[PDB]
Every structure is written in C-alpha cells, then in structure tokens.
Ligand SMILES: *[C@@H]1O[C@H](CO)[C@@H](O[C@@H]2O[C@H](CO)[C@@H](O[C@@H]3O[C@H](CO)[C@@H](O)[C@H](O)[C@@H]3O)[C@H](O)[C@H]2NC(C)=O)[C@H](O)[C@H]1NC(C)=O
Ligand SMILES: *[C@@H]1O[C@H](CO)[C@@H](O[C@@H]2O[C@H](CO)[C@@H](O[C@@H]3O[C@H](CO)[C@@H](O)[C@H](O)[C@@H]3O)[C@H](O)[C@H]2NC(C)=O)[C@H](O)[C@H]1NC(C)=O
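Residue numbers (my numbering), protein chains in the order written: chain A, 1 to 271; chain B, 1001 to 1212; chain C, 2001 to 2228.
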C-alpha cells in the first residue's frame, strides 16, 4: 500500500499560503462583492472555493468563465491599482439595490457603472498606456437592460456599442435587451469580459452605452499559484501535498485519494 | 432518464398557518430548479427562479430554499387567493422533468350548502331521457355525499357529479349532480329527491318534487 | 405587455399528426427560447422541446422522433407538430417563453425559466366524431328558491369533445355564476351544467339568456330560461 488509501481530512495552512473563500468565489472577490471586501489585494499560493459560496451583488455572467478563473488563479494575487480614466460627459459610480455595501446601495468595488449625464452619453474615446513590464488584466462589463425604456433612461441611447481594443486584440460586444427572470428583484444582467494589455500596448475603449467600466488593472505573471474546490476545513498543521479531501504527506510514491493535487504530491493512480 | 419527486401530494392547511412543500431529486442539482403557481383554468405563473429568487407580483410571504436534492417552499401566512397547485422542474439535464404537483387546500371556512333541485325539462323528456340536477352551493369541506331516492329507492350507478374548484373570494365549493333516467323509467315513478349528508349538515337534508 | 395564444384543433383522430400554433404578442425575441409542455389529466406536466431564435431545436427524448418544432420570425409565430399520435397523447398543451441564462454565482450549467405562459388549448385524440350539444333549461321553480335567493341554469348535455364555453345574457351576468367541469357519461359524450344565483324578486322582470359555444362541433346556441 504505497497508496495512501485515506487522507487527513483537513487542509494544512503550511507551507503553502492558503486563502479560504468561505462565502466568496474567486470571481466575486475579483469583481469585489459586498461580502468579499476582505479579499482585496490579498495574495495566495492556493485558493480554496467552497460549495456554500454565493453572490450577493448585481447579477452577471462570464462567457469564458474557465479562462478568467485560471488567469487569476495562476497569478495568485488580487492586487489592483486604480488608474484615473477620463470619463468626461458621463455619470459615474452607478449603484443598485441588489448590491448592498455598508448597508447602502452600491456596486462592485472594482467596477464603475456609467450612465448618461443630462440625458447625453457621448461616444467615449479613452486611452491607457500600460508603461509597465508586466501583463495588465482589465475586467469590464456590458449591461443588458430589460426594456427599451430602461435602455433609454440609463444611457440616452437605444443601441449601445462597446469596442475594447488594443494594438494586438479587438473585442466588440452588443447589449441584449429583454425580459429576464428577476434575480434578487432585478430583471437586468451584466456580461463580464476581460482584456490582457501587454507591456507597451495601448488600451482603447470606444463606447456609446451599456458599459460597466473598469476602475483598474491587475498584475498577472502566470506564477505558481492555482485554485481548487473543496469542503475540507483548514487546519493548523504542515503538509506539502494538498487534495480536495484534505492534506496528504508526501512520503509514499503513489496516491489515489483524488486526481487533483497541489505541491509536492505523490503521483495519482486509480483505485 | 432523470426524474424528481415532490412531497407531499395533497395537504390541507388552515388560513394563517405555515405550509412547506418539498421537492426531492434523483441527483444533486445545486440550484438548477424552479417553482410555479398553477390555478384553475389559468396559465401557470412563475414563483421561484433558481432558489429563493422571487418574481414580480409575488409577496414576501412566499419564500423557498434548499440545495442539492432537497428544496422546499414555505408560505409564511397562508392566504386564500393563493391556493393553486405547485410544481418543481429539474432544470439541470436535457429531459427537463417536471414535478408531479402538490395540491394546496385552503381549509378555512366551515359551512353547509344551500341545496336546490331541478326537474327534467319537457324538451328533454320528449326526447326520451330525464336528467335531474341537484345543486349544492357555497360549502366546505369538499367531502359531501349526495344520495338519490326514487319513490324512496336508493339510487346508484346512474348518477354523476362534479365539484367546482375553490372560488377564492369565499373559499367555498359548488357541487352539481345529474341523475339520468330514460323516459319510461321517469314517468313510471312519482317521488324524486336528493339526500345530502355533510359535515356542516346537522341532519341529512332532502329536497324533493312529486311529479313524473 | 406580453401574452401567448395557442391555436389549433380540439380533436385529432389517431395515427394523424397534431399541429398547433403559438403566437408572439409584444415582446422582443433574441435570447428567448420557445418551449411547449402538455398537461395530462392529472399525470403531471411533461416537457416537449424548445427552439432558440436561431432555429436550433432539441426534443424531449421520451418522444423519439414524434416531435418537430418550427419557427418563423416573419409572422412572429412558431408551431409544434406531433406525428403518429395515439390515445396516450390526450393532454392540455401550453406554449411558454423560456429565457436561457448563465447565473453569476454558479456557472456549472444553464438555467431555464418559463417567464410567460398561455392559457391552453384542450386537445383530444380519439376516433369518435364531434357532435353538437343539447341545451335544456333548468327552470327556477318555486322548489328551487331558498329565502328570496333563486337559482336558474342551463344543462349542456351530450357533446364531444371538450371544451365548451357558457355565458349568460351575452356575458352581462357573471356574479353568482358557477359553471361546473364536465363529466364523461357512459355514452362517450360530455355533459355539464351552468347555473347562476339571482334574487328571486327579479324573476318576473329580468330575462335570463344562456349562451354556449362549442368550437369543435361548430355550433353557437342561445337559450333564455323562464320558469313554469
Ligand atoms: C455565510 O453566509 C451564510 C448565509 O447567509 C451566513 O449565515 C447566516 O448569517 C446571518 C447573519 O450574518 C444569520 O442571520 C440571522 O438569522 C436569525 C435567524 O436564524 C435572524 O433572527 C437574525 O435577524 C439574522 O437575520 C443567519 O441565521 C445565518 N444562516 C445560517 C444558515 O447560519 C453566514 O454567517 C455567512 N458567513 C460569513 C463568514 O460571512
Ligand atoms: C466615484 O467614487 C470614487 C471612490 O469610490 C471616487 O474616487 C475618488 O476621486 C477623488 C478625486 O477628487 C480622489 O481624491 C483625490 O485623492 C488624491 C490622493 O489619492 C489627492 O491627491 C487628490 O487631490 C484628490 O483629493 C479620491 O482619492 C478617490 N477615491 C478613491 C477611493 O479612489 C470618484 O471620484 C467617484 N466618481 C465621481 C465622478 O465623483
């Protein structure tokens, strides 16, 4: 039995820096969800998601959910820096009753929801240089109203268009107005997208409406960190190997507890 | 390929109580489930999206929960206008199997019906058939017993009845019973009556006519 | 607002092909999907299949090759077809507006809600042909009155198939009206009764007409009732 037929049942906080999501998913903390304020600028070598995690903000979705989840996991850092964009002619800091922060109507802490200014929301030409030597990760969104009335009162534009572009890439999104089942008393949605701006490349935003603007970038280096889903508690112990069923000593050359591992782990074999 | 099961099947609960309807699944669904409100002769309405996520026009007294295989709905204070019959879907796999349904009973007003009787019209008698109609109006519980007597002969196998669904304004039912007889059997006898026995009836009630 | 209206036959002979048609009111299309479900007598709702606005359908595997659903945005109508129908297909069919979403908290699979519904089109699959009903008066006799409250009705007897719609005084009399669900007697025909409770003082004054429509048998009947 060089295979450890049963695991510890708990995950050791050592040596790998373990960050428990608890009531938060990585994406909710990435966007900044009211209950996820305590995850800002917080690093991790391994980030454990829980089955009990929800979202308590303004409903959204991500088309390529698996790419963005693996980006933030590989970097191991939620450190963003706020950059001052030039949002002349628009109303900033849009709030909603479905995203309650500090017992008040708020929004995602890292997203700026843009509405019209005096019923005029111009075409926006915005440039961001990225003078650094490391890949920036921008998180932006597109709001899908429920009616043509809602589209008009929010952006003063029946057909909004958004075109996030760099010297290398070019993304265009079109809103989708329509009646949608209420989510926490909200029939509207938001579509989340991401854009990597490489060093020396320029970020260009051309928008006419329905834009959930980003407030900053994130630092990505595709490091050693990763992400795992588990329900085993986090205990006070030291163990090189970590599995969704708990920590595991790495003294035996094989293992069958789970095919997902992290760190100095024995090679997996089946039952 | 993939089914569910909703418990209970049909339960009565008084006005102002608190009822819980549970939908059991074959496999864990997380929150890929929904609930609807289906009334008599009306289009079913959405109550719950995902879990505990309410629709427009739904009071806060409705509230659901649950995860995995077990989900419940809870009406904090039952109101008569709700009533209806309630289902659950399995929105996780492609068959989209729906729940069996759970009947909700208001069970609040307790009263006996005002009973009427109608003889066969001569238009129908000339056609060779006699249909006597005994009417029961505004009454609860649904459980009633209407017996037919032809010259004091207990009738069976020649009568049908149907009960209206709960009129939410008064939370009462109405019952109609149609005794069918041939023309030859109708004019051969004299006394016809419908004997009503019911919880709200202190004594069995009988309404009769005496020609035929 | 948004409403749906199923339209089609009320009776289909066995082994034929059903064809109903739902209608779009005043709502945008785009991401909506369009499903129908058939309510059995009491067996429980069964899901049939649903098409995207692009036109990509998926059946319910219980119906192996029996369902073919279509879409046409020019008329804002979309129909569903059931081939080789048998007696097991008697049901009450609905059309509903489904919305396909990926909720934020859990991305694991798709959600689906039937936001808008239609009232229903009763469909029977049987070999017996249609027949018009006979409306006999339920005359409000003196024995049919209790303490100043009289009741009168109309006996709609012997018809096929369901349903029938009964109104009073061209719809001008609704209070106290109780139209009971029909019963299937031994002759294979339906029969119900529609009564109304009125003040007994208005018997010698008000004229009471009951109006019945039967879409299958293609008959429209007016019948005023006076006691005697
Ligand atoms: C993670 O999320 C769960 C679910 O929201 C939290 O559990 C819930 O916590 C709240 C308080 O934060 C409890 O609310 C209280 O409930 C009692 C009745 O039980 C009510 O009388 C109070 O007025 C108040 O509303 C709630 O009971 C509790 N639910 C459960 C099932 O425990 C949990 O606290 C969150 N954890 C973290 C670390 O954020
Ligand atoms: C929307 O809300 C954000 C905060 O959530 C506002 O950002 C705030 O903008 C002001 C600009 O007047 C910042 O003040 C500046 O601070 C720097 C030091 O960092 C100082 O040198 C400047 O003289 C100025 O006082 C403030 O720091 C900043 N707050 C945060 C948290 O970033 C934003 O202005 C709001 N939008 C609108 C349209 O008001």
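Positions of the beta carbon are idealized from the N, C-alpha and C atoms, including for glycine.
query: Can residue 35 of chain A be considered in contact with ligand 1, in the sense that its beta carbon sits closer than 8 angstroms to one or more heavy atoms?
result: yes
- prompt: Since residue 55 of chain A meets chain C, which of its residues come closer than 7 angstroms, beta carbon to beta carbon?
  reply: 2104 and 2105
task: Could you name the residues of chain C that residue 1143 of chain B contacts, counting a contact when the two beta carbons are closer than 8 angstroms?
output: By Cβ distance, chain C contributes nothing, its closest Cβ being about 17 angstroms from residue 1143 of chain B, past 8 angstroms.
Near ligand 2: residue 93 of chain A beta-carbon under 8 angstroms from a heavy atom: Taking 8 angstroms as the cut-off, one finds at least one heavy atom of ligand 2 near enough to the beta carbon of residue 93 of chain A.
message: Assuming contact is defined by CB atoms lying nearer than 9 angstroms, are residue 242 of chain A and residue 263 of chain A in contact in what I supplied?
response: In this structure, residue 263 of chain A lies closer than 9 angstroms to residue 242 of chain A by Cβ.
- request: Could you pull out every residue in the same chain whose Cβ sits closer than 8 angstroms to the Cβ of residue 2045 of chain C, ignoring the five residues on either side in sequence?
  value: 2037, 2038 and 2039
task: Determine the burial state of residue 1061 of chain B: buried for a count of at least 16 other Cβ atoms within 10 Å of its Cβ, exposed for fewer.
output: exposed
query: For residue 1125 of chain B, which three-state DSSP category applies?
result: helix
task: Scan the segment 177-203 of chain A for residues whose Cβ lies nearer than 8 angstroms to a Cβ of chain B and list them as they occur along the chain.
output: 181, 182, 183, 184, 185 and 187
task: Please name the residue or residues paired with residue 234 of chain A in a DSSP beta bridge.
output: Paired residues: A/11.
task: Could you spell out the range, first to last residue, of the alpha helix (DSSP H) harbouring residue 30 of chain A?
output: 26-31
- request: Enumerate, from N- to C-terminal direction, the unbroken beta strand (DSSP E) stretches of 3 or more residues contained entirely within the segment 1031-1119 of chain B.
  value: 1033-1038, 1045-1049, 1062-1067, 1070-1075, 1085-1090, 1102-1105 and 1114-1118
query: Which residues, in chain order, does the segment 1048-1059 of chain B contribute to contact with chain A at a C-beta distance below 7 angstroms?
result: 1049, 1053, 1054, 1055 and 1056
query: At which residues does the alpha helix (DSSP H) containing residue 69 of chain A begin and terminate?
result: 65-75
query: Just checking my contact of residue 1201 of chain B with residue 1112 of chain B at CB under 8 angstroms: how many whole Å lie between their CB atoms?
result: 5 angstroms
query: chain C partners of residue 61 of chain A, CB-CB under 9 angstroms?
result: The CB of residue 61 of chain A comes closer than 9 angstroms to the CB of 2101, 2102, 2103, 2104 and 2107 in chain C, given here in chain order.
message: By alpha-carbon positions, which one of C/2049, C/2057 and C/2124 ends up nearest to residue 1977 of chain C?
response: A question about residue 1977 of chain C goes unanswered here, because the residues of chain C that appear run from 2001 up to 2228.
- request: Quick one: measure Cβ to Cβ for residue 1221 of chain B and residue 1194 of chain B, integer angstroms, because I've assumed they're closer than 8 angstroms.
  value: Missing from the structure shown is residue 1221 of chain B; chain B here goes from 1001 to 1212 and no further.
message: I'd like the span of the beta strand (DSSP E) that includes residue 2039 of chain C, first residue to last.
response: 2032-2039
task: Could you pull the start and end residues of the beta strand (DSSP E) that residue 2158 of chain C belongs to?
output: 2149-2159
message: Can you check whether the C-beta of residue 1046 of chain B is within less than 9 angstroms of a C-beta belonging to chain A?
response: yes
- request: Could you tell me whether any Cβ in chain A is nearer than 9 angstroms to the Cβ of residue 2002 of chain C?
  value: yes
query: Just the Cα atoms here: how many angstroms apart are residue 237 of chain A and residue 254 of chain A?
result: 22 angstroms
field: Partners in chain B for residue 2115 of chain C, counting only beta-carbon separations shorter than 7 angstroms
entry: 1046
- request: Answer yes or no: the CB of residue 210 of chain A versus the heavy atoms of ligand 2, is any distance below 8 angstroms?
  value: no
message: Check whether the segment 1040-1051 of chain B and the segment 1117-1125 of chain B are in contact - that is, three or more C-beta pairs closer than 8 angstroms.
response: no
Cut-off 6 angstroms between Cβ atoms - residues of its own chain near residue 1092 of chain B, not counting five sequence neighbours on either side: 1029 and 1032
- request: May I have the straight-line CA-CA distance separating residue 133 of chain A from residue 199 of chain A, to the nearest angstrom?
  value: 5 angstroms
Sheet register partners of residue 2063 of chain C (DSSP bridge): For residue 2063 of chain C, which the question treats as bridged, DSSP gives no partner whatsoever.
message: Does residue 1138 of chain B come out as helix, strand or coil in the three-state DSSP assignment?
response: strand
field: Of the listed residues C/2020, C/2013, C/2019 and C/2025, nearest to residue 2003 of chain C (C-alpha basis)
entry: C/2025
message: With a threshold of 6 angstroms on Cβ separation, who are the neighbours of residue 1037 of chain B within its own chain once the five nearest residues in sequence on each side are excluded?
response: 1045, 1047 and 1084
message: Would residue 2097 of chain C and residue 2034 of chain C be called neighbours here (beta carbons separated by less than 9 angstroms)?
response: With contacts defined by Cβ atoms closer than 9 angstroms, residue 2097 of chain C and residue 2034 of chain C form a contacting pair.
- prompt: Skipping 5 residues on each side, what residues in its chain have a beta carbon closer than 6 angstroms to that of residue 224 of chain A?
  reply: none
- request: Using DSSP bridges, identify the partner residues of residue 16 of chain A.
  value: Under DSSP, residue 16 of chain A takes part in no beta bridge, so it has no partner.
message: For a cutoff of 9 angstroms on Cβ pairs, would you count residue 1152 of chain B as touching chain C?
response: No, because no Cβ of chain C sits closer than 9 angstroms to the Cβ of residue 1152 of chain B.
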